[PDB]
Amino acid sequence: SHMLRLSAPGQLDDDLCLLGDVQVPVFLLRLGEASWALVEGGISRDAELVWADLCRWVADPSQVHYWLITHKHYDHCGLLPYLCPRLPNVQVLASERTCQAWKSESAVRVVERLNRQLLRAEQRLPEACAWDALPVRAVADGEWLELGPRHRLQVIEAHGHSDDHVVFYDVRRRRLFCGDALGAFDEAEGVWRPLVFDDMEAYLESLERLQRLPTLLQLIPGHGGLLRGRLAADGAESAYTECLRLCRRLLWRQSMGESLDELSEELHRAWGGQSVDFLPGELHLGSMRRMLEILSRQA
């Protein structure tokens, strides 16, 4: 592995642990002697694994007070109905738009169906909270989240990947929980893979703004672990660069009369192997196609 990327379960920093699979992690923040927060909501089929890992660090789960959610995609909120009932004092903090999603029938349907596709043959999910019954408090762009005496995180709107996406910045630690707004970090090549699934102009504007944060020490996307050193410092800028590079590649190939699919299959082939364990294959290729449709339209 690489010194600049922490990608093992367990303790990452004095106050921060990784629960579950590094590909779809849940982060555990220790806010004080008797108080904790989770960040990112995972996939439903990992409920027992994440529960098990949580109970190793947290003797009393009633001390889990907050659960921060970056966006409504099925792989970032799948655990909520299954673990919220075991966390009697938890408050889920999400954007207004993300909250809206959990109150839409069609939306919840998609999230459940994509989560069910990842179930292994054996397993049963535990009893679930109704999605519209989750203990949520909507948070606003620019809001300060006073989680504990040494944990204060600012909510920053970061749409583009999705129309509801937010990130959470801990300026004390120069630590940014970025969700999928920078794309997917390619563990093999050390570069960002763009994930433009809603709006290219918003996605790029969000990265412009994140580049203006004070220099990052820790950059924690939605998949793959914790990035540090130059990868954190240069992250938002690099993510922007990689988006433009994809745009131009698309423009090249289309100018050679290629159809949206040549590049899609090329991307699905070049990148699909990293997510195969949490993205159904038809979804990865289809996500590629959608992103290329978006870039094409807006360019």
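Throughout, we count residues from 1 along the sequence that is shown.
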Going by the mean C-alpha B-factor recorded in the entry, which is higher: 17-25 or 276-284? 276-284
Which wins on mean Cα temperature factor, 258-266 or 237-245? 258-266
Among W252, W51, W36, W271, where is the Cα B factor highest in this entry? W271
Residue with highest C-alpha B-factor in the PDB entry, from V166, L87, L216, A128: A128
Within this chain, which third does the Cα B-factor at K72 fall in: lowest, middle or highest? middle
Chain thirds by Cα B factor, record data; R230 belongs to the middle
How does the C-alpha B factor of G179 compare with the rest of the chain: lowest, middle or highest third? middle
Chain thirds by Cα B factor, record data; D141 belongs to the middle
Ranked C-alpha temperature factor of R173 among modelled chain residues, by third: lowest
